[PDB]
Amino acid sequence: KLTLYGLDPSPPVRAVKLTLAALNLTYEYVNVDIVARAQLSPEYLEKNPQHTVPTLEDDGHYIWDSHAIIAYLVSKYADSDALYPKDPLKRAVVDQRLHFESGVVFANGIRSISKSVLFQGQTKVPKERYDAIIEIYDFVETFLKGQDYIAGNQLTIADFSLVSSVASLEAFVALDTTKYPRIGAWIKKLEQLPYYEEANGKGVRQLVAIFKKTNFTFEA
């Protein structure tokens, strides 16, 4: 019995939706209205004291942080270790990419802007935040050099994690696929998964539209 707490525009929530779909697991999806600060309710804080989404409930146990969740799901429920290989050297690449996503991409790239634009209602965003997004594209383009997937030669949860956030960066800076052909090819490859549209595609488009509506701009 799985319950996922979150909302479709959220990148880390979509990373979990991709993993759940890839593992063909059934779950209840509970909406959490972040703009209304519904995550700050006493009832949600009891589930996740960091008051973030996603939170996964698995038969009474609460797990949070999307990367911890999707590793947990694969380790516990997958038929094989395909999505999260147990071989320590292969796992070390996956883990590096996941922690890259946690810090460099999401915390420094996305939440840094979401906080000032959506949470604080500010229209102007410091130029450093633009520079941070270009740095992310540059790194991811390098990470994809000579391989079809982000962490090696097979689909893993690192792909789910990073595609959920890297595709979201379009909300701030459109991806130039002439400058970034590897990133373009990799998103296109992942878009072919039958569950991609419902798990990640539509939420990306929603987030992009949310930020379009704010009319935010980068400071020079």
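Just count from 1 along the sequence shown to find any residue number.
Higher mean CA temperature factor, per the PDB entry, when comparing 26-34 with 47-55: 26-34. Higher mean CA B-factor, judged across 170-178 and 64-72 from the recorded values: 170-178.
Of the candidates 108, 120, 96, 123, the deposited coordinates give 120 the top C-alpha B factor. The PDB entry gives the largest Cα B-factor of the residues 89, 150, 83, 133 to 89. For residue 154, the recorded CA temperature factor ranks within the middle third of the chain's modelled residues. In this PDB entry, the Cα temperature factor of residue 204 sits in the middle third of its chain's modelled residues. Among the modelled residues of the chain, residue 101 sits in the lowest third by CA temperature factor in this PDB entry. Sort the chain's modelled residues by C-alpha temperature factor and residue 79 lands in the highest third, per the entry. Annotation for residue 163: C-alpha temperature factor in the lowest third relative to the rest of the modelled chain, per the entry.
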